[PDB]
Structures are given as C-alpha cells and as structure tokens.
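Structure at a glance
Chain residues, written in single-letter form:
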Amino acid sequence: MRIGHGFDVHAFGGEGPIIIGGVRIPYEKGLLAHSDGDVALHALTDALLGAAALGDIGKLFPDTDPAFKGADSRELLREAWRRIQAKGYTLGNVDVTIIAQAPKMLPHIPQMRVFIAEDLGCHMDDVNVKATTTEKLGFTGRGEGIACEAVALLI
Amino acid sequence: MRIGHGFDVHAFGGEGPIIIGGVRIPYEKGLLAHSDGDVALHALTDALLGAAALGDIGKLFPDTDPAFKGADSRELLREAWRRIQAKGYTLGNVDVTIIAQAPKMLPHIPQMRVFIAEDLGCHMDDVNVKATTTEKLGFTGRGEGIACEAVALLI
Amino acid sequence: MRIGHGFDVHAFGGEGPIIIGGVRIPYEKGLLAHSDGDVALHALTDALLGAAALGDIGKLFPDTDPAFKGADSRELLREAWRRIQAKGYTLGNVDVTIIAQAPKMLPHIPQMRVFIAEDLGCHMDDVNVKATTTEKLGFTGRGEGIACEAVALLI
Ligand SMILES: C[C@@](CO)(OP(=O)(O)O)[C@H](O)COP(=O)(O)OP(=O)(O)OC[C@H]1O[C@@H](n2ccc(N)nc2=O)[C@H](O)[C@@H]1O
Ligand SMILES: C[C@@](CO)(OP(=O)(O)O)[C@H](O)COP(=O)(O)OP(=O)(O)OC[C@H]1O[C@@H](n2ccc(N)nc2=O)[C@H](O)[C@@H]1O
Ligand SMILES: C[C@@](CO)(OP(=O)(O)O)[C@H](O)COP(=O)(O)OP(=O)(O)OC[C@H]1O[C@@H](n2ccc(N)nc2=O)[C@H](O)[C@@H]1O
C-alpha cells in the first residue's frame, strides 16, 4: 500500500457557477483556470498520482497545451487513474478536504462521491469528501479563492 | 487499512487560555468557537471520520445545535471514534500537526498525547502531535488564528 | 504500516539561490533560516518522524543550538531517518508537495528524488515530489515565502 498527498487552489473570477468534485455548484463568482478548475478533483488527482509515484497533474496535462482548456477535470482524473492502474495499483481509498468559505459544499458532496467513485471505479465507501472554512481568515476566508487538499491510499 | 485527512482553523478572540489536543494552554487571547474550538482535536476527528468514510465533524455535530455549545471537543472525538469503531475500524495511528505561531505548543504535547490516546483507547505510541509556525507569514503568522492538520490510519 | 504528516514554511530573504529537496535552485531572493532552510526536506523529515512517533525535527535539532546553523537539512534528514530505522521502521514511501509560486521547482525534482532516495536508502520509486502554486493568492502567492507539505508511510 502506498500513500499520496495533493493540494490545489484557484482564484475566484467572473460569474459562477463553479465545479467541485464534479458538481456544478451555483455561486456568485466563478473560478479562473485553464481547465474547468475543479479544485477538489485536481487535489484528488495529484494525491493519486503521488501514490503511484507518477509525479503530478502538471507533468501530465499542461496549462500551456490548449487541448486542456476548459478541460473536464474528471477526464484528467480518469486518465491519471488509468495510467496509475497500468502501473499496477488499485484504489485503497481517497479522502478529500475542501477548504472554502463559500459556497456551501455540503449538499453537493454525495453527488461528488458518486462522480469520483465512478471515475475511480470503486464504491462510494472508498471515496470520502468533506468541507471546511478557514473562519474568515486567509484568502480562502476572505473569499479570494478556494483551496483543497486530498490524501489517497493505493495498493 | 484506510487513510484520512483533517484540517481546522479558529480565529483568536477574547481572553485566553486556549484548548488544544485537550490541554488548557495559557495565552493572551483565546479562540472563538461554538464548541471549545480545540483545533488540534477537530482536525484529528475529521481525519478519523474521513478514514471511516463517515464524512466530517460537521455532518455529525452542528454549529447550529446549541448542545454543542462550549462542547468539550474530546467528547465529540470519543463519539466520532465510537461510531467509527462500530463501522468495524480500529486505530492504526494518528499524526497531528499544529500550525500556530503562538502559544508554544511544545511543552503541552505529551499531555495532549495522553488525552488523545485515552479518548482513542490506544497507546501514546499511536498518537503523535507536533507543532510549527509559518514564520510570521499568514494569518497564522500574523497571529490572527491557529490552523491544524492531521492524518490518520484506520484498520 | 504507519502514516505521518509534515509541513514547513520559510520566508524569502536576501540573495538566492534556495535549497529545496537538496537542490540548489537559482532565484532572486533566498530563504531565511537557522539551518539551510530546505523546506521540502524539513517537511519530509517531520512526516517521517511523525510516522515513527518520534515527534518532530524541532524536538531533535533546535533552532537555538548553533551547530544546526547553516545546517545541511539532508543531514538532519538522514539522522532523523537513522533514529527512525532504529525504532525498527522501514520506508513505505514518501510524497512531498511544494507549494510555491516561484521558482520553478519542476526541473529540479528528479535530482531531488535522487537526493531524497539516497538519504532514505530506497529507490526513487519510493520518493515522489511535486509542486504547485497558490495562484498569486496567499503569502506563497504573493511571493512572501514557500510552504511545503509531505506525507509518509513507514513499515
Ligand atoms: C490540469 C491543468 C491544465 O489544464 O489545470 P488548471 O491549472 O488550468 O486548472 C494544470 O496543468 C494543473 O496545474 P497545477 O499543477 O494543479 O497548478 P499550477 O500552479 O498550474 O502548477 C503547474 C506545474 O508547475 C510546476 N511548478 C508549480 C509550482 C512551482 N512553484 N514550481 C513548479 O515547477 C508543477 O510541477 C506543476 O505541475
Ligand atoms: C463541532 C463544531 C460545533 O460544535 O465546532 P466549532 O466550529 O464551533 O468549533 C462544528 O460543527 C465544526 O465545524 P467545522 O466543520 O470544523 O468548520 P466549519 O467552518 O464550521 O464547517 C461546517 C460544515 O459546513 C460544511 N461546509 C464547510 C465549508 C464550506 N465552504 N462548505 C460547507 O458546506 C462542512 O461539511 C462542515 O461540516
Ligand atoms: C532544524 C531547524 C534548526 O536548524 O531548522 P530552521 O527552522 O532553522 O530552518 C529547526 O529546529 C526546525 O524548526 P521547525 O519546527 O521546522 O519550525 P519552527 O517554527 O522553528 O518550530 C520550532 C519548534 O517549536 C515548537 N512549536 C512550534 C510552533 C508553535 N506554535 N509552538 C511550538 O511549541 C515545535 O515543537 C517545533 O519543533
């Protein structure tokens, strides 16, 4: 079994809604990014790639490469997941922590778990997401952006 | 074995002392929270619940529910731990990292390990806490508040 | 198998270059620290010590003790690693995440993996490093300093 850690941040920008863990969540402002900027998933992806010892989402799916523009992060995830399985690993489980002041991630979480467990091809019981604010402190607390951490266990 | 990640933050406020990992630590300012605002423990709790795939402390013990007011976080911990054991898991080990500029967590750490290992019902050797500042950088570095991360392994 | 989490931050200061994961990386400003201030490694070290349940780099190699001045963090690492092996543990694998806006960690990463895998005495396949910025947000995003997280699995 191997461990892995991930982390991503994205600045709010423009109109909403935002995409987190696959769910289109309505919010005043949106998020700025080359891809769909789904922080929850990018975080999960790195943690997954990290366990696989394949580096990070950045070595694999460049900001520069235009094809990755508006890119559905779930695709990136599924691919990084493919390559991981090829390296002969299998999902132990993943845990994602969304550090955001807003919007309210809570109600969307189950749907996220559905999307993530699908992409990874596991049971929801192997995919856990949770959320938390930084109590008005920090860029996250100021509403400047969303951050997200994630850890994962591969076999 | 399953992994889990947690993270909490609390703004300083009012008179001290503060409570971290169960220890009443003297400090000029205190911490603002619905419960006792023990960051070290909330962080541990989420990480524990995350491994159990039970979500987070928020789905289980609401800011809104008044009973959780001034609430001894160790209780919340012990309960989240109970439910976890019921799901058939057992403590692999936990690691907590306190990111605070002040007060000096160091001298209180052993007592924390005592409290945490009790609550979890393991040996201190399965509970590790450590501390670090952000070098005057950030809300933590500015003394605006304390943050704390934690990871855990369940079986 | 045991888990472990680490985290460090260092303020930029003076002339470059900086040292991360062992690599001397050229950059305008440098980093302020009692030791060489290699964040990547300190982060790895704590995570390693955390899994071993030996506490943190701070309980073992003091800012105050002058010998640790300008100290090659790899030494600190190798020692913390020694003591860990003595406690009867062996490297499962480690994952390091550098949260820095600049300089570009990417090209130096392989050399880092070489240094880290040497120090730990494992194969590069057990040492993974990755990098990420906070999108101009935060002290890291403002270029005020570098932060770094790391997780580790011991056996
Ligand atoms: C998948 C993409 C493109 O579609 O998504 P978006 O960022 O557009 O949302 C990106 O490649 C996802 O980029 P991400 O890795 O999560 O955050 P970035 O700040 O863009 O990091 C880009 C790359 O630069 C490297 N890097 C990062 C920070 C730093 N100080 N030094 C570095 O060398 C890292 O190896 C990383 O892979
Ligand atoms: C145990 C309690 C109550 O006694 O402690 P205190 O916060 O008062 O200290 C709280 O429930 C402990 O709250 P905590 O989860 O650690 O931090 P909060 O910022 O209050 O998050 C509350 C809940 O809202 C959800 N949430 C959080 C942030 C966000 N952007 N969107 C969300 O949907 C999360 O699912 C979380 O469970
Ligand atoms: C290895 C050394 C010395 O050569 O490196 P440098 O910091 O000079 O680079 C230090 O001991 C590496 O210090 P580090 O632990 O990573 O960050 P620091 O902010 O200096 O934390 C110092 C110690 O104080 C304790 N501590 C920290 C923060 C806090 N709020 N309360 C505490 O009690 C921790 O137990 C930690 O071990």
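Residues numbered from 1 in each chain as written, not as in the entry; some residues may be left out. Chains lettered and ligands numbered in written order. Heavy atoms only, no water.

Going by the annotation in the PDB entry, the name recorded for chain A is 2-C-methyl-D-erythritol 2,4-cyclodiphosphate synthase, with Escherichia coli given as the source organism. What the PDB record gives as the title of this entry is "IspF with 4-diphosphocytidyl-2c-methyl-D-erythritol 2-phosphate". Per its UniProt entry, chain A bears the Sequence similarities comment "Belongs to the IspF family." (UniProt positions renumbered as here; feature names shortened; annotations may be inferred.)

A short note on the overall build of chain A
Within chain A, the regular secondary structure consists of 5 helices and 7 strands. Over its C-alpha trace chain A gives a radius of gyration of 14 Å, about what one expects of a compact globule, namely 15 Å for 155 residues. With respect to the three principal axes, the spread of C-alpha positions in chain A is 40 × 35 × 25 Å. Taking all 155 residues of chain A together, the buried fraction comes to 64%. Across chain A, the fraction of contacts at a sequence separation of at least 24, relative to all contacts at a separation of at least 6, is 68%. Surface summary for chain A: the accessible area is close to 5,700 Å², and the carbon and sulfur share equals 54%. (Helix = DSSP H or I, 4+ residues; strand = E, 2+ residues; numbered from the N terminus. Rg over C-alpha atoms; globule rule 2.2 N^0.38 Å. Buried < 20%, exposed > 50% of the residue type's maximum accessible area, 1.4 Å probe, protein only. Contact = heavy atoms within 4.5 Å. Areas by Shrake-Rupley, 256 points an atom, 1.4 Å probe, with all protein chains shown as cover.)

Regarding the site of ligand 2
Near ligand 2 there are 26 residues, and of these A100, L106 and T133 of chain A together with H34 and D56 of chain B occur at the shortest range. Note that an oxygen atom of ligand 2 is positioned 2.9 Å from one of the backbone N or O atoms of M105 of chain A. For ligand 2, whose unbound accessible area comes to 730 Å², protein coverage reaches 95%. Every element with two or more residues in the shell around ligand 2 is listed here: β6 (127–132) of chain A together with β1 (2–15) and α2 (57–60) of chain B. Examining the composition of the shell around ligand 2, we find that 3 residues originate from one element, α2 of chain B, more than from any other. Taken together, the residues of the shell around ligand 2 sort by class into 12 nonpolar, 9 polar and 5 charged. (Near = heavy atom within 4 Å. Polar contact = N/O pair within 3.5 Å; in protein donor to acceptor, adjacent residues only side chain to side chain. Nonpolar A, V, L, I, M, F, W, Y, C, P; charged D, E, K, R; others polar.)

Some details on the site of ligand 3
Around ligand 3, 26 residues are found, and the nearest of them are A100, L106 and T133 of chain B together with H34 and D56 of chain C. A distance of 2.5 Å separates a nitrogen atom of ligand 3 from a polar backbone atom of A100 of chain B. In the model, an oxygen atom of ligand 3 is placed 2.7 Å from a nitrogen or oxygen of the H34 of chain C main chain. When ligand 3 sits alone it has 740 Å² of accessible area, and the protein chains cover 94% of it. Of all the secondary structure elements, the ones that give two or more residues to the shell around ligand 3 are β6 (127–132) of chain B together with β1 (2–15) and α2 (57–60) of chain C. The element best represented in the shell around ligand 3 is α2 of chain C, accounting for 3 residues. Taken together, the residues of the shell around ligand 3 break down into 12 nonpolar, 9 polar and 5 charged.

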